[PDB]
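Here we start with a single chain on its own, the form deposited without the partner chain, put down as structure tokens.
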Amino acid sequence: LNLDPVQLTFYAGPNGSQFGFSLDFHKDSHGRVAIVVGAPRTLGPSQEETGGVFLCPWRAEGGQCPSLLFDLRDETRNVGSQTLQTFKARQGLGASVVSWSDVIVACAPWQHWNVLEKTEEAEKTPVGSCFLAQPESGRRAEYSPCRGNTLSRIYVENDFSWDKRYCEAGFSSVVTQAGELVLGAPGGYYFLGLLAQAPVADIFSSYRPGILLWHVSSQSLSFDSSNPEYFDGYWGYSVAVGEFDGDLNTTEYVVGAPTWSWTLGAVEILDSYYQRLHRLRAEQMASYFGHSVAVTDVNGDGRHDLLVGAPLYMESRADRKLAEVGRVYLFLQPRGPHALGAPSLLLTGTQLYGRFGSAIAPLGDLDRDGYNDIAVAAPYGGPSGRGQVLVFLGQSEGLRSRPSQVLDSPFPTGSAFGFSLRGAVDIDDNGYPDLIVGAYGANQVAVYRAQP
């Protein structure tokens, strides 16, 4: 249960690389446990910010980790009459990392792309891109569902239809248990937001080194809309998967659109064919409801529940004033073909500007009492404002309104302690789930162990 805040392990990366911006547990083709760490500002041998990934093996001492190698140089290829070109400068490789059994997946949301044809171009824009790696065999593959070869002028005549030029694919990501990679592209369709997915096996098999624009046959992307409510919504700013329609044969997606309906924010449950199942709207504009989205069964009833962060939520203090503290929302799944009603519980921050709800990670069953628990980040929380992660335990009606444990930041100011979190994995192998906390502002990742 109690995560020891003294014999905690520290891991580190280069200065300014924002090591710990993203992270995940890697259970390799072998069996030990490692920590994939993304550092989106890591310098390339060319001395330009291209980003980078680090694979950290478990060791109570911590420290430096080997770098996970990836192609860091620009590509240019001529196919017929077009010059296809990719730009990796400030692409932010590792702004999003995620391991799925054998393979690791890192993404560069900001990698630019362009196509030239005579005196017309398509534009240089952030289509983003994900790099797939199988550390054992040293193999690599790539997936960039948003690259296109349509010239600028065509979009202007189509009135910007199906414009995936600014996708920022891989901005956020998840892999279902069955091995389907799901990418969140908040810039998709001219800033509406889109989601793209394909089976990791098919991504690897269809990839050909040298081809820059290809179609992964078994892939599918969300849709463009003319409904104003979706305009500038950033649908895909965050994603998650889970079981929500009762049919265990089908998996559903949870997408965050923090700026939906004129900054009102929203979260949606969709099937694998992107057909809508439900929509949780937010309660306050600019609160960023949808920033984070977690899935887990917090009350032991056998059905997945939903957690939504709105880090910018301004709370109603006494005397007609408001205070930005952040807030999380719990939605329990009511059994059968039934709609998720209002919030079953409202956890809300206390420290001003702490951005509570900024990150939500489902721990396993910390205390082993048969009820799953969760951890919520407030990167700028605490009296000092150095950040702090709060642990909330699984009850029977939802969760305890009170934090059972409050982990404070061992790092200086601006560490952004908590911005990324990942739990529910036995790293030390003591039959108990642990918690990793990234602090990109300090370039470090802290490891908290579960002890008896």
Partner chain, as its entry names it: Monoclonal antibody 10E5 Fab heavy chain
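Residue numbers count along the first chain shown, from 1.
There is also a form deposited with the partner chain bound; it is not shown, and the following applies to it.
Note that among 368-376, 128-136, 329-337, 151-159, the stretch whose heavy atoms approach the partner chain to within 4.5 Å in the bound PDB entry is 151-159.
When the partner chain is considered in the bound PDB entry, residue 72 lies well away from it, no heavy atom lying within 4.5 Å. Shown alone here, residue 214 lies within 4.5 Å of the partner chain in the bound PDB entry, counting heavy atoms only. Residue 275 falls outside the set of residues with a heavy atom inside 4.5 Å of the partner chain in the bound PDB entry. Looking at residue 345, you'd find every heavy atom of it more than 4.5 angstroms from the partner chain in the bound PDB entry. Checked against the partner chain in the bound PDB entry, the residues 82, 220, 176, 299 give one hit for a heavy atom within 4.5 Å, which is 82.
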